[PDB]
Each structure stands twice: as structure tokens, then as C-alpha cells.
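**Q** Return a 3D structure for these sequence lines:
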Amino acid sequence: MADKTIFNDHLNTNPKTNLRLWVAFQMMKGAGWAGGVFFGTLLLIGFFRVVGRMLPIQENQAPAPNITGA
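**A** Residues are numbered from 1 along each chain as shown. This is the structure:
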């Protein structure tokens, strides 16, 4: 059912702007939440752990002696 913030596209009520503007509402915001929180973290750890897993090993000749802590 439509009624809240109802718009008008062509000649019908607004079945597109309704869901489409709602899907975009979280797609744009909701996408910046987990994207940066979840991915921003995964890339922060997965990237920090991989760099400290195949570089300080030879470059530092040490296995776990060196970690992220950044």
C-alpha cells in the first residue's frame, strides 16, 4: 500500500519512486555504514595481517615478533 511520501512518475501512483527511493536511501547510507565499518575493518586487519605475514618475515627475518598494532 502507498501513502507515505507518495510521488508521481508517469501517470500512476508511484511504485517506482517508493521502493526505488527507499532502496537507494539505504543503498547510499546503509552502504557507507557496514562498507566502511565492516570492509574498512576487514581491509584494515586482513590487509595489516597479510602485510605482516609476507614481508616482515624476510624483511625482518622474524615470524610473529612483529605484528600490526596500528
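
**Q** Quick check: buried residues in the biggest helix by length in the chain?
**A** Counting residues, the longest helix found in the chain (DSSP state H) is helix 15-28. Going by neighbour count (16 or more other CB atoms under 10 Å), the buried part of helix 15-28 is 17-18. Bear in mind the C-beta positions are built from the backbone N, C-alpha and C, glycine included.

**Q** Give me the contacts around that helix.
**A** Here helix 15-28 makes contact (CB atoms under 8 Å, 6 or more residues apart in numbering) with 2, 5-7, 9.

**Q** same question, stretch 35-46
**A** So stretch 35-46 is contacted by residue 68 (CB under 8 Å, 6+ apart).

**Q** before we move on, what about stretch 61-70?
**A** Counting by CB under 8 Å, 6+ apart, 45, 48-49, 52, 56-57, 60 sit against stretch 61-70.

**Q** can I get those in TSV with neighbour count?
**A** Formatted as TSV, these follow (neighbours: other CB atoms under 10 Å):
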residue	neighbour count
45	11
48	14
49	12
52	19
56	16
57	14
60	11
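
**Q** any idea how far residue 41 is from residue 53?
**A** Using CB to CB, to the nearest Å, residue 53 is found at 17 Å from residue 41.

**Q** Can you tell me how far the most far-flung residue of the chain relative to its centre is from residue 4?
**A** Distance from the C-alpha centroid of the chain peaks at residue 11, with 36.6 Å (CA atoms, centre = their mean). Applying CB to CB, the value for residue 11 to residue 4 is 21 Å.

**Q** go on, residue 53?
**A** For residue 53 relative to residue 4 (CB to CB), the value is 51 Å.

**Q** which residue ranges form the helices in this structure?
**A** 15-28, 30-34, 40-51, 56-59.

**Q** Need those helices in CSV (columns: distance to residue 69).
**A** As requested, the helices of the chain are exported to CSV (distance: least, CB to CB, whole Å):
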stretch, distance to residue 69
helix 15-28, 34
helix 30-34, 25
helix 40-51, 9
helix 56-59, 12
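
**Q** mind listing what residue 34 touches?
**A** By CB under 8 Å, 6+ apart, residue 34 has no neighbours at all.
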